[PDB]
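Per chain, numbering begins at 1; letters A, B, ... match sequence-line order. What's counted below: heavy atoms across the whole structure, side chains too, no hydrogens, waters or symmetry copies.
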Amino acid sequence: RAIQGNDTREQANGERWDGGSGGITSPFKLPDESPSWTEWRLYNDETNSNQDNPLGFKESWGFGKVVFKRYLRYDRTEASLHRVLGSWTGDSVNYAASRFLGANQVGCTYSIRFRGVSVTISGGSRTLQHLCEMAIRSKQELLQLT
Amino acid sequence: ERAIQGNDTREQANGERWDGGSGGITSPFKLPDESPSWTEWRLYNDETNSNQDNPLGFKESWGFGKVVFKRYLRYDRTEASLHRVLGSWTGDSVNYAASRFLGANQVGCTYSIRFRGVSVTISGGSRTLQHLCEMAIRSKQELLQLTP
RNA sequence: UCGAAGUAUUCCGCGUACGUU
RNA sequence: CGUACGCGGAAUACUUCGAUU
């Protein structure tokens with residue numbers, strides 16, 4: 001009850017809005033770099049503002065009703081790819097997940113949105129091992145498709 | 001419209017899983033449904049008594065707005081059985097079916113597949129369908145090419 | 001991009017009931 | 001596996017509103 005409580009998802013939602021550390025444990029190893037409204041609006045320079053070359057991608061990790069979110073900037077380059085692929089890993093997710101799972105199994109989700117295409121991997125807490133190994137390949141592909 | 005009963009076309013698309021069909025409703029899938037019966041499913045869970053290994057098949061769906069199609073195909077993780085299930089739908093079969101329920105105003109399109117208690121879903125506006133396909137067809141490949 | 005409200009869907013988890021039409 | 005609801009979430013599409021003078 002304490003775990004999975006609304007008192008913890010609120011902190012997981014607010015965890016996004018910190019520099020390199022928020023009061024609780026997070027699955028991500030990189031900071032959120034979400035753009036301000038103005039920096040996004042000014043993202044109507046020479047193109048449409050959402051379809052072809054966006055400023056980044058949005059990814060989410062959920063363990064039950066405990067959801068973490070991140071916006072990372074992806075310059076469509078191999079160097080920037082290697083940078084965003086390390087936003088999370090098997091150990092970071094399980095470590096975080098161990099802090100909100102146990103007892104009765106719940107629903108876990110990883111979601112990623114890029115170029116108007118959303119990809120979501122969903123399964124039970126006991127399949128978290130298989131979700132991660134699939135979330136990494138799905139993510140790697142979504143970011144290398146043209 | 002859709003028309004004129006907007007929900008009746010959704011009603012036929014769900015029945016397409018069972019009938020031919022039937023009908024005349026164009027489907028995005030090229031393979032018939034292979035859903036096991038209740039008994040056949042009760043007994044398949046008795047050889048290697050378990051809950052997610054081995055599975056008799058997988059479940060996949062295509063949604064164009066509220067017009068949803070669904071298939072359950074048998075899959076034994078052999079190369080011969082992988083090439084077939086990969087033929088469940090091609091890029092043209094989905095675009096062909098998509099052209100039948102999509103207009104000018106963009107709607108929500110989805111592809112889903114559940115295998116070994118793992119569900120993968122590809123969602124986006126109907127204007128990115130061509131992109132959902134390339135991303136969905138191979139996302140279907142990796143899900144069926146893994147091990148416990 | 002952030003937040004909130006609504007509408008139409010999709011998906012996962014848990015629980016209940018009914019099943020070779 | 002199929003069907004119907006219940007609960008808790010996630011994702012997408014569309015609409016509206018708000019966002020350092």
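Counting non-hydrogen atoms under 4.0 angstrom, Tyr72(B) reaches the backbone sugars and phosphates but no base. No contact: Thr39(B) has no heavy atom under 4.0 Å from any strand. Within the 4.0 angstrom heavy-atom criterion, no nucleotide atom of any strand lies near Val120(B). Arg42(B) comes within 4.0 angstrom of no nucleic acid atom, judged by non-hydrogen atoms across all strands. At the heavy-atom level, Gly123(A) lies under 4.0 Å from the strands shown only through sugar-phosphate atoms.
One finds a side-chain N or O of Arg9(A) lying less than 4.0 angstrom from the OP1 or OP2 phosphate oxygen of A10(D). For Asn50(A) and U1(C), the shortest distance from a side-chain N or O to OP1 or OP2 is below 4.0 Å. Contact annotation: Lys59(B) does not reach the phosphate of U10(C) (side-chain N/O to OP1 or OP2, under 4.0 Å). Contact annotation: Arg114(B) reaches the phosphate of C12(C) (side-chain N/O to OP1 or OP2, under 4.0 Å). A close approach under 4.0 Å does occur between a side-chain nitrogen or oxygen of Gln105(A) and OP1 or OP2 of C14(C). Considering only side-chain N and O atoms, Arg17(B) lies under 4.0 angstrom from the phosphate OP1 or OP2 of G2(D). Within the structure, every side-chain polar atom (N or O) of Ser60(A) is placed at least 4.0 Å from both OP1 and OP2 of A10(D). Contact annotation: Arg126(A) does not reach the phosphate of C14(C) (side-chain N/O to OP1 or OP2, under 4.0 Å).
For the P atoms, the distance linking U21(C) with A4(D) amounts to 14 Å, nearest Å.
With the nearest nucleotide of RNA chain C identified for both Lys66(B) and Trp17(A), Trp17(A) has the one nearer the 5' end. Taking the nucleotide of RNA chain D with the nearest heavy atom to each of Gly108(B) and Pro36(B), the more 5' of the two is matched to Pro36(B). Summary of the strand contacts: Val66(A) and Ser126(B) both lie near RNA chain D, and taking for each the nucleotide with the nearest heavy atom, the more 5' one is attributed to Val66(A). Residue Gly65(B) is the one, among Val106(A) and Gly65(B), whose nearest nucleotide of RNA chain C lies closer to the 5' end (criterion: closest heavy atom).
In this structure, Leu143(B) atom CG and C11(C) atom P are separated by 15 Å, rounded to whole Å. Regarding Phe115(B), its CZ atom lies at a distance of 18 Å from the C1' atom of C11(C), rounded to whole Å. Note: CG (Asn104(A)) to P (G15(C)) measures 7 Å, nearest angstrom. Between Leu43(B) atom CG and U20(C) atom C1' the separation is 12 Å, expressed in whole Å. Note: CZ (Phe69(B)) to P (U9(C)) measures 15 Å, nearest angstrom. The distance from atom NZ of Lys70(B) to atom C1' of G2(D) is 11 Å, rounded to the nearest whole Å. At whole-Å resolution of the value, CG in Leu131(A) and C1' in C12(C) are 10 Å apart. Rounded to an integer number of Å, the gap from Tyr110(A) OH to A11(D) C1' is 13 Å.
With a 3.5 Å ceiling on both atom-pair distances, the Watson-Crick or G-U wobble partner of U1(C) is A19(D).
If you look at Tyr110(A) and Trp61(A), their ring centroids are closer than 6.0 Å.
A cation-pi geometry, defined here as NZ or CZ lying under 6.0 Å from the six-membered ring centre and within 45° of its normal, does not hold between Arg76(A) and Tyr74(A). For the pair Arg70(A) and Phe68(A), the NZ or CZ position fails the cation-pi test of under 6.0 Å to the six-membered ring centre and within 45 degrees of the ring normal.
In this model, no donor atom of one side chain and acceptor atom of the other lie less than 3.5 Å apart for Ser123(B) and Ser118(A).
Put simply, the side chain of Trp38(B) and the base of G2(D) share no donor and acceptor less than 3.5 Å apart.
More than 12 heavy-atom neighbours from other residues, nucleotides or ligands sit within 6.0 angstrom of CZ on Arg2(B). A 6.0 Å sphere centred on CG of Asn104(A) holds no more than 12 heavy atoms belonging to other residues, nucleotides or ligands. Environment of CZ in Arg17(B): crowded, with over 12 heavy atoms of neighbouring residues, nucleotides or ligands closer than 6.0 Å.
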